[PDB]
Structure formats: C-alpha cells, structure tokens
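**Student:** The structure under discussion is supplied below as structure tokens; questions concerning it will follow.
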Amino acid sequence: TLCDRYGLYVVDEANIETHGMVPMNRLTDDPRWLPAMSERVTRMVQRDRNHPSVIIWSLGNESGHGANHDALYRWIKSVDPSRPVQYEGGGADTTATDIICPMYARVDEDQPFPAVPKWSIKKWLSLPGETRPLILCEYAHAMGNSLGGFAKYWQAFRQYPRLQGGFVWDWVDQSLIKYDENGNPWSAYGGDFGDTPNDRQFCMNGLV
Amino acid sequence: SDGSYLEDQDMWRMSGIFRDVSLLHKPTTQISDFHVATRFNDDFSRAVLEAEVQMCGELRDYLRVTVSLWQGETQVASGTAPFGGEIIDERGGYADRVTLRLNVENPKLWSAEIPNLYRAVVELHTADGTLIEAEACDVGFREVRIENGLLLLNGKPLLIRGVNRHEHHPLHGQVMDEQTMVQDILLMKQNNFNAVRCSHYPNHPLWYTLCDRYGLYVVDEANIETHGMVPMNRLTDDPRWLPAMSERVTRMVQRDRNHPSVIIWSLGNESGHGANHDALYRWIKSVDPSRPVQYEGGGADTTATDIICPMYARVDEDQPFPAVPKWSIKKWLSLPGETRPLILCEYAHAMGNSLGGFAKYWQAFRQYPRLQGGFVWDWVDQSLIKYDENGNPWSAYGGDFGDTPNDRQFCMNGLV
Ligand SMILES: OC[C@H]1NC[C@H](O)[C@@H](O)[C@H]1O
Ligand SMILES: [Mg+2]
C-alpha cells in the first residue's frame with residue numbers, strides 16, 4: 001500500500017529457498033515437494049495481484065533449477081499474463097525466467113564456474129540466441145566499508161539499452177541489540193547469543 | 001567514362017591495358033559454363049559433388065559429358081550422362097544442360113589451416129568415346145554458413161585474422177605478376193594472417209588459385225564505389241544506374257563461383273545504401289546460396305548484409321554520428337533485435353607509426369563468441385618510385401607528379 005502511494009516498483013518473491021541442500025535442486029526437482037512449493041507461489045499471487053506497485057513476480061531464491069520451477073513459472077503466466085516472471089536459480093538464464101537476472105556478475109570480467117558460469121554482463125547480453133533484457137537481482141555487496149567500483153556498473157547501465165539496472169545487496173544491516181553490565185546497548189551479530197554454528201558478521205550487509 | 005562514376009576507390013588513378021591479353025580456340029560444339037557444388041551429412045563424413053554443365057552449338061543424340069574427380073593420381077569418383085535437365089516448369093527443361101552427382105566417402109576437407117584440393121575434369125565426348133574438349137578446376141570440400149548468429153566453416157566458428165590488400169607495385173603500378181603475389185601470400189601466412197579482403201574490386205584470376213593452394217579465406221568484392229557523390233547514395237538509389245551496377249556484380253559471381261578460397265561475396269564499398277543494393281543482394285542469395293553476402297555502406301547493418309561489418313568501430317567507445325552511428329563493437333552485438341555475427345571489414349588504420357591499441361581488439365575478439373575478427377587496413381603502402389638528378393630512386397606519394405588536387409601521404413597505409 002505504501003509503495004503504491006509513494007511510488008516504488010516492487011519485485012514480489014515466493015517464500016522458497018533451499019540453499020543448504022546438496023545439490024541445491026534436491027527438493028525442487030522432486031515431484032513429492034511440488035504440492036508444498038505450489039502453495040507458496042499460488043497463495044502469494046492470489047493475495048497481491050491487485051497492487052499497481054508490484055511489477056514482477058519472483059519464484060524464490062537459490063533453489064537450483066528443477067522441473068517444479070518450470071511448472072510454477074507456467075502457472076503464473078497463465079493466471080496473470082500482466083507481469084513478467086523472474087528466477088535467478090540454476091544459472092540465471094533458464095526457461096523459468098523472462099529476464100536474465102544474475103547475482104554479482106561483473107561488468108567486464110568473466111567468472112567461468114562449471115555448470116553455472118557468471119559471464120560479465122556486457123558479454124551475457126550477446127551470447128548466441130540470447131534476446132531477454134538483463135537486470136541484476138543482486139549486485140554490489142555492501143558489507144562494511146564497500147561499494148568500490150559502483151560507478152562502473154552505472155556507466156554500463158547507461159550505455160547499453162538491454163542492461164536495465166539492478167538491486168543492490170542490501171538496505172539495512174541485520175544486527176541485534178544486547179545490553180552490557182551497566183545496561184549500555186551494543187550492536188550484536190552471529191555468535192553473540194551462544195548460537196552455534198553461526199556465520200559471524202556476514203549478516204551485516206546494509207547501506208544503513 | 002561513365003564507368004568512372006562507379007570507380008572512386010582511394011588509390012592512384014591510372015589507365016591502359018594492365019592485365020593479360022589472350023586468344024582462345026574452342027570447337028563449335030563446346031562446354032560454355034560449368035558449376036561445382038558440395039553438400040554434406042551432419043558430421044562431414046559423406047559428401048555429394050554436384051556438377052552442372054552447359055553446352056553451346058548443335059545438340060546431337062551421341063553427345064555425352066563425363067565428370068571425374070582426382071586426388072593426386074587416384075580417381076576417386078566419376079559419372080557420365082547425355083544432355084537433358086529435369087523438368088523445371090510447364091514448358092519442360094534445359095535440353096542443353098546436364099547435372100552429374102558424384103558420391104565421395106570421407107572427403108578431405110579444405111580450410112586455410114589444411115588446404116586439401118581435388119581435381120575435377122569435365123569432358124565433352126561422343127558415345128563411342130572420341131573427346132571433343134575438356135575443362136578442369138581445383139575443388140575444395142568445405143561448407144560456409146551462418147547458424148545461430150555465428151559464421152561456421154565445416155561446422156566450427158571462424159576467427160578471421162584478415163588484411164585488406166590492393167594490387168600495387170611501386171615500379172609497375174597496377175600490373176600484378178605471379179612472383180609478387182607469391183611473395184605477399186608467404187609474408188601474410190608467416191605473420192599469422194588467414195584471410196584477405198580484395199579491396200575493392202575483383203583481382204587478377206591467378207590470385208584465387210594461389211589462395212586455394214596455400215590456404216587463405218578470400219572476400220571477393222564488386223568494383224562499385226561512389227564515395228565522391230553527395231549524398232553517397234545518389235547513384236545507387238537511382239534505377240537508371242541499376243543496369244551498370246548489376247553487370248559489375250553478376251559477372252564477378254559468374255567468373256569466381258567455383259574457387260574454394262572465396263567464402264564471402266561483397267557488394268562494393270562506400271556507396272551509401274540504395275534500393276539497387278537490396279536487389280543485388282537478393283540476386284546473389286538466389287543464384288549462389290552457398291556463401292554469405294556482406295556490404296558495409298549505409299551504416300554497416302542494413303538489409304543488404306548477412307554480417308554486421310563496420311569500419312573503424314572502437315572496442316569500448318561509441319561514435320554517435322547522425323544517421324550512420326558507429327557503436328562500439330561490444331554494444332552493437334546486443335542492440336534490441338540484433339542476431340548477426342560482427343566482422344570488421346576495416347579496422348586498426350596502419351598509417352605510418354601506428355597500430356596502438358591493437359591488443360584491445362584481440363582481447364575482445366577472443367572473449368565474445370559473435371565478434372569473429374576483422375581485416376586490418378591495410379597490407380602494402382601505395383607509394384611510387386621517382387628518380388633524382390643522379391638517378392637515385394626515392395618513394396613518392398600524392399602530389400609528387402604535379403597531380404592536383406591530391407591527398408598527399410594518405411595513400412600510404414600499409415604494414416609493409
Ligand atoms: O585509408 C582510409 C580507408 N578508409 C576506408 C576505405 O574503404 C579505404 O578504401 C580507405 O580509404
Ligand atoms: Mg573511399
């Protein structure tokens with residue numbers, strides 16, 4: 001409602017992420033989990049389809065690429081033809097996405113990982129057969145004293161018509177407040193609550 | 001002559017009888033034309049050689065044509081037939097033509113790396129076996145095509161290491177001889193070139209034979225350039241000049257279509273973009289579907305080209321001229337709708353102490369699949385020899401002969 005009134009475009013994302021599985025698509029390629037995944041996508045579209053601020057649907061995050069993704073992609077295109085669908089998993093340019101949407105691809109340098117390469121963004125646009133626009137679903141990791149090289153993305157976004165921008169990672173540091181002996185508040189991160197194993201300061205990635 | 005309006009290339013303007021003169025004796029019943037074509041299976045393990053032969057003179061029942069294919073001293077395939085094509089339309093077929101199909105198993109493929117040639121002999125003879133005349137050419141088995149935005153030879157993506165070459169000799173002007181042609185080809189291959197662009201006219205006929213034998217890819221170009229017109233397409237958009245332009249393209253294709261080294265046809269150079277270009281583009285695609293057609297004029301990506309072929313576009317920087325912008329090459333590939341491969345028909349101007357930034361093109365050509373290389377401008381400096389008072393030779397350029405107006409040292413652009 002507030003994004004409708006003040007004016008922001010929204011990408012609305014299904015609550016599905018299975019990053020800790022080996023391989024990443026162990027559940028999303030299995031037909032017994034297709035019921036559970038379909039509830040997460042269908043109920044989101046049925047709740048949010050009337051908001052003008054929502055302009056793109058997303059199938060979730062970091063779940064590899066399985067046949068359950070292609071089925072749900074097609075379900076949305078059929079009940080709501082008015083918004084594009086995007087999905088980054090499985091190498092960012094699968095058949096479950098209308099937009100090429102890499103995470104952390106660089107402007108000029110290739111990162112040629114097996115199965116899921118991250119081409120540089122200028123090269124990706126022009127791979128034989130490729131016609132979709134490219135919007136980074138995550139770029140420029142803002143962890144601590146960071147954002148070096150930010151100007152180089154903005155120079156590319158303005159020069160190339162099919163590079164249409166991206167989403168910085170991310171808005172706000174996820175730190176929590178603890179109290180010392182004198183009751184003075186201090187900012188805490190992973191491991192400060194006796195939680196174990198944990199990933200330490202990696203939860204603080206914000207611009208604010 | 002009025003032909004001069006079509007011959008405005010950047011070069012010395014000279015005149016006379018500058019290539020060979022011959023007499024040829026043929027019998028009254030003769031072979032008047034023949035074409036050779038090669039078709040392949042998915043993995044290049046089986047080929048069909050298709051030869052079409054046409055005759056002139058009086059048709060008799062006893063006439064026969066034989067085509068044999070030789071690899072060195074070994075006959076590899078052979079076919080014989082009487083005259084008479086298949087039915088073509090409601091009025092019948094060509095009585096004075098015949099098509100032979102020869103099967104070849106595991107043919108050795110032609111490329112610039114390994115230039116394997118066969119010899120095709122075409123005999124016109126009687127049924128009892130008296131020979132009337134023979135003709136022959138060198139045959140290379142190769143397939144050139146554009147598939148999914150890439151230019152492929154024999155199923156693999158080419159990387160063109162090309163140069164533009166003019167026919168120029170400092171003593172003899174525009175007269176070419178075997179010795180100079182061979183010297184150029186050796187130096188080109190010793191310096192890692194695999195391709196040459198005939199800037200900007202058909203070459204001496206021996207040139208194509210030597211590129212077949214030593215292995216270079218050739219771009220063969222029609223003698224049409226109208227650079228000095230305002231605007232550049234004043235003649236090429238005018239239907240009264242369509243006859244003159246069509247003779248320049250059709251006669252080149254009819255002379256050179258059998259050479260394996262020719263892999264791309266070009267419609268000419270710097271003539272803007274007019275409707276005469278689209279018509280001739282379509283004429284070639286229809287008589288010779290086996291080679292792509294390219295044309296740079298009119299902004300390098302018009303409907304008269306199968307390949308985007310800019311001249312002097314930069315790697316990273318745009319040059320946004322009105323009507324005919326030169327995008328940087330990485331950006332051009334990805335303009336909305338664009339799917340063709342990009343090969344620069346001229347890049348890296350080698351005038352004097354030059355070629356700075358050359359490494360930056362080669363880094364891009366290797367990183368991007370649809371950037372498939374280009375042709376440097378150019379091979380040899382066009383300077384001429386003058387003599388001083390003591391008879392000492394010195395190298396001369398525009399203006400040194402009292403020619404006026406002239407363009408000074410701009411004629412010297414070579415790597416050698
Ligand atoms: O030397 C400049 C160069 N520019 C482009 C032309 O095609 C060439 O003939 C030559 O004039
Ligand atoms: Mg010119």
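We name chains A, B, ... following the order of the structure tokens; residues begin at 1 in each chain, and ligands are numbered from 1 as shown.
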Using backbone DSSP assignments, extract all strand (DSSP E or B) residues from segment 36-172 of chain A; output them as a ChimeraX atom specification.
**Tutor:** /A:54-58,85-86,100,103,111,118,134-139,163-168
**Student:** Excluding residue 125 of chain A and residues on its chain fewer than 2 positions from it, collect all residues at most 10 Å away from it, counting only C-alpha atoms, and give them as a PyMOL selection string.
**Tutor:** (chain A and resi 100+119-123+127-134+160+162-163) or (chain B and resi 330-331+333-336)
**Student:** Residues near residue 225 of chain B, anyone? I mean within 12 Å using only C-alpha atoms, not counting same-chain ones fewer than 6 positions away, as a PyMOL selection string.
**Tutor:** chain B and resi 3-11+199-201+232-236+245+248+266-273+277+295-297
**Student:** Residues within 7 Å of residue 31 of chain B, please, as a VMD selection string. Count only C-alpha atoms; anything in the same chain fewer than 4 positions from it doesn't count.
**Tutor:** chain B and resid 54 to 56
**Student:** Could you give me, as a VMD selection string, the residues within 12 Å of residue 111 of chain B, counting only C-alpha atoms and dropping anything in the same chain fewer than 2 positions from it?
**Tutor:** chain B and resid 108 to 109 113 to 117 139 to 144 152 to 156 158 194 to 195 211 to 218 260 to 263
**Student:** With N, CA and C atoms retained, write the just-selected residues as an mmCIF file, in the first residue's frame.
**Tutor:**
data_model
loop_
_atom_site.group_PDB
_atom_site.id
_atom_site.type_symbol
_atom_site.label_atom_id
_atom_site.label_comp_id
_atom_site.auth_asym_id
_atom_site.auth_seq_id
_atom_site.Cartn_x
_atom_site.Cartn_y
_atom_site.Cartn_z
ATOM 1 N N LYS B 108 38.570 -35.293 -47.874
ATOM 2 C CA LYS B 108 39.480 -34.450 -47.106
ATOM 3 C C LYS B 108 38.994 -33.004 -47.253
ATOM 4 N N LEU B 109 38.738 -32.333 -46.138
ATOM 5 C CA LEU B 109 38.082 -31.038 -46.141
ATOM 6 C C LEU B 109 39.094 -29.906 -46.403
ATOM 7 N N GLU B 113 43.931 -23.654 -42.699
ATOM 8 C CA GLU B 113 44.925 -24.451 -41.966
ATOM 9 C C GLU B 113 45.430 -25.617 -42.835
ATOM 10 N N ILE B 114 44.541 -26.373 -43.497
ATOM 11 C CA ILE B 114 44.941 -27.567 -44.325
ATOM 12 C C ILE B 114 44.232 -27.493 -45.678
ATOM 13 N N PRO B 115 44.898 -26.897 -46.661
ATOM 14 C CA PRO B 115 44.179 -26.672 -47.932
ATOM 15 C C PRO B 115 44.149 -27.890 -48.878
ATOM 16 N N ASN B 116 43.437 -28.953 -48.503
ATOM 17 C CA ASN B 116 43.297 -30.188 -49.340
ATOM 18 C C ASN B 116 42.493 -29.898 -50.614
ATOM 19 N N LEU B 117 43.048 -30.173 -51.799
ATOM 20 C CA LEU B 117 42.323 -29.928 -53.057
ATOM 21 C C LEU B 117 42.121 -31.240 -53.820
ATOM 22 N N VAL B 139 39.012 -28.286 -56.739
ATOM 23 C CA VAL B 139 37.783 -28.361 -55.938
ATOM 24 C C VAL B 139 38.225 -28.500 -54.477
ATOM 25 N N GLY B 140 37.600 -27.744 -53.586
ATOM 26 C CA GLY B 140 37.788 -27.948 -52.174
ATOM 27 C C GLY B 140 36.462 -28.272 -51.544
ATOM 28 N N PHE B 141 36.428 -29.245 -50.655
ATOM 29 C CA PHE B 141 35.214 -29.552 -49.992
ATOM 30 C C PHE B 141 35.168 -28.705 -48.718
ATOM 31 N N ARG B 142 34.236 -27.754 -48.644
ATOM 32 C CA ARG B 142 34.017 -27.013 -47.403
ATOM 33 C C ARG B 142 32.598 -26.447 -47.399
ATOM 34 N N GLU B 143 32.051 -26.219 -46.222
ATOM 35 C CA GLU B 143 30.720 -25.627 -46.122
ATOM 36 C C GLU B 143 30.831 -24.314 -45.332
ATOM 37 N N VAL B 144 30.361 -23.217 -45.901
ATOM 38 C CA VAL B 144 30.339 -21.935 -45.171
ATOM 39 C C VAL B 144 28.894 -21.647 -44.768
ATOM 40 N N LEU B 152 30.189 -20.250 -39.532
ATOM 41 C CA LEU B 152 30.869 -21.555 -39.343
ATOM 42 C C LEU B 152 31.554 -21.975 -40.646
ATOM 43 N N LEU B 153 32.775 -22.475 -40.573
ATOM 44 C CA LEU B 153 33.351 -23.276 -41.668
ATOM 45 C C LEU B 153 33.448 -24.737 -41.219
ATOM 46 N N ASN B 154 32.922 -25.674 -42.025
ATOM 47 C CA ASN B 154 32.972 -27.121 -41.719
ATOM 48 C C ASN B 154 32.485 -27.364 -40.277
ATOM 49 N N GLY B 155 31.403 -26.703 -39.856
ATOM 50 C CA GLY B 155 30.851 -26.887 -38.515
ATOM 51 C C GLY B 155 31.576 -26.128 -37.395
ATOM 52 N N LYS B 156 32.698 -25.442 -37.617
ATOM 53 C CA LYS B 156 33.383 -24.745 -36.489
ATOM 54 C C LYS B 156 33.346 -23.213 -36.677
ATOM 55 N N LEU B 158 34.613 -19.585 -37.201
ATOM 56 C CA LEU B 158 35.859 -18.954 -37.678
ATOM 57 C C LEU B 158 36.312 -17.820 -36.749
ATOM 58 N N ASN B 194 45.125 -15.361 -41.834
ATOM 59 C CA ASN B 194 44.420 -16.482 -42.512
ATOM 60 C C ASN B 194 43.445 -15.930 -43.566
ATOM 61 N N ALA B 195 43.334 -14.617 -43.781
ATOM 62 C CA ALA B 195 42.210 -14.119 -44.626
ATOM 63 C C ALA B 195 42.610 -12.833 -45.329
ATOM 64 N N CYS B 211 45.452 -18.567 -53.485
ATOM 65 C CA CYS B 211 44.763 -18.662 -52.170
ATOM 66 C C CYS B 211 44.139 -20.053 -51.959
ATOM 67 N N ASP B 212 43.640 -20.720 -53.015
ATOM 68 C CA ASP B 212 43.189 -22.151 -52.938
ATOM 69 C C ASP B 212 44.352 -23.098 -52.494
ATOM 70 N N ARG B 213 45.547 -22.920 -53.062
ATOM 71 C CA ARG B 213 46.673 -23.849 -52.866
ATOM 72 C C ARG B 213 47.382 -23.631 -51.527
ATOM 73 N N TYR B 214 47.582 -22.384 -51.114
ATOM 74 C CA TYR B 214 48.314 -22.076 -49.873
ATOM 75 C C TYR B 214 47.371 -21.996 -48.669
ATOM 76 N N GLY B 215 46.094 -21.676 -48.895
ATOM 77 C CA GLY B 215 45.113 -21.613 -47.822
ATOM 78 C C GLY B 215 44.958 -20.198 -47.264
ATOM 79 N N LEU B 216 44.179 -19.343 -47.920
ATOM 80 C CA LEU B 216 43.655 -18.113 -47.286
ATOM 81 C C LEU B 216 42.164 -18.034 -47.591
ATOM 82 N N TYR B 217 41.358 -17.547 -46.676
ATOM 83 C CA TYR B 217 39.979 -17.200 -46.976
ATOM 84 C C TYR B 217 39.949 -15.885 -47.761
ATOM 85 N N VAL B 218 39.070 -15.775 -48.760
ATOM 86 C CA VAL B 218 39.007 -14.561 -49.582
ATOM 87 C C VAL B 218 37.621 -13.919 -49.434
ATOM 88 N N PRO B 260 37.310 -22.589 -54.094
ATOM 89 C CA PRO B 260 37.002 -22.886 -52.663
ATOM 90 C C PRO B 260 37.449 -21.759 -51.708
ATOM 91 N N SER B 261 38.494 -21.005 -52.079
ATOM 92 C CA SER B 261 39.039 -19.950 -51.206
ATOM 93 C C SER B 261 38.054 -18.796 -51.046
ATOM 94 N N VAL B 262 37.195 -18.499 -52.030
ATOM 95 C CA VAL B 262 36.209 -17.423 -51.862
ATOM 96 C C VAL B 262 35.122 -17.886 -50.876
ATOM 97 N N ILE B 263 34.977 -17.235 -49.733
ATOM 98 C CA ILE B 263 33.975 -17.710 -48.759
ATOM 99 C C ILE B 263 32.864 -16.665 -48.549
#
**Student:** DSSP on the backbone, then: every residue of segment 87-288 of chain B marked alpha helix (DSSP H), written as an MDAnalysis selection string.
**Tutor:** chainID B and resid 178:190 205:214 242:256 275:287
**Student:** Which residues, written as a list in words, have at least one atom at most 8 Å from residue 171 of chain A, with only C-alpha atoms counted and residues fewer than 2 positions away on the same chain left out?
**Tutor:**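 Selected residues are residues 168, 169, 173, 205, 206, 207 and 208 of chain A.
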**Student:** Generate a file of the selected residues that holds N, CA, C and O atoms, formatted as a PDB file, in the first residue's frame.
**Tutor:**
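Generated output (selection-v2.pdb):
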ATOM      1  N   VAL A 168      20.755  -3.408  -5.392  1.00  0.00           N
ATOM      2  CA  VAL A 168      21.926  -3.511  -4.504  1.00  0.00           C
ATOM      3  C   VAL A 168      21.654  -4.528  -3.375  1.00  0.00           C
ATOM      4  O   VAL A 168      20.497  -4.639  -2.887  1.00  0.00           O
ATOM      5  N   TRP A 169      22.676  -5.270  -2.917  1.00  0.00           N
ATOM      6  CA  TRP A 169      22.548  -6.071  -1.699  1.00  0.00           C
ATOM      7  C   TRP A 169      23.303  -5.379  -0.541  1.00  0.00           C
ATOM      8  O   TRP A 169      24.522  -5.344  -0.604  1.00  0.00           O
ATOM      9  N   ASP A 173      21.567  -3.284   7.713  1.00  0.00           N
ATOM     10  CA  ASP A 173      22.333  -4.291   8.471  1.00  0.00           C
ATOM     11  C   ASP A 173      21.415  -5.116   9.401  1.00  0.00           C
ATOM     12  O   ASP A 173      20.658  -4.540  10.195  1.00  0.00           O
ATOM     13  N   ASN A 205      25.074  -6.243   5.934  1.00  0.00           N
ATOM     14  CA  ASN A 205      25.405  -6.021   4.551  1.00  0.00           C
ATOM     15  C   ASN A 205      24.741  -4.730   4.078  1.00  0.00           C
ATOM     16  O   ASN A 205      24.675  -4.515   2.848  1.00  0.00           O
ATOM     17  N   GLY A 206      24.244  -3.886   4.992  1.00  0.00           N
ATOM     18  CA  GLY A 206      23.369  -2.814   4.575  1.00  0.00           C
ATOM     19  C   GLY A 206      24.084  -1.532   4.161  1.00  0.00           C
ATOM     20  O   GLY A 206      25.217  -1.302   4.542  1.00  0.00           O
ATOM     21  N   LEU A 207      23.381  -0.668   3.420  1.00  0.00           N
ATOM     22  CA  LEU A 207      23.747   0.758   3.197  1.00  0.00           C
ATOM     23  C   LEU A 207      23.438   1.623   4.445  1.00  0.00           C
ATOM     24  O   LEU A 207      23.914   2.751   4.546  1.00  0.00           O
ATOM     25  N   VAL A 208      22.591   1.155   5.362  1.00  0.00           N
ATOM     26  CA  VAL A 208      22.240   1.948   6.566  1.00  0.00           C
ATOM     27  C   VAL A 208      22.470   1.041   7.776  1.00  0.00           C
ATOM     28  O   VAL A 208      22.404  -0.182   7.641  1.00  0.00           O
TER      29      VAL A 208
END
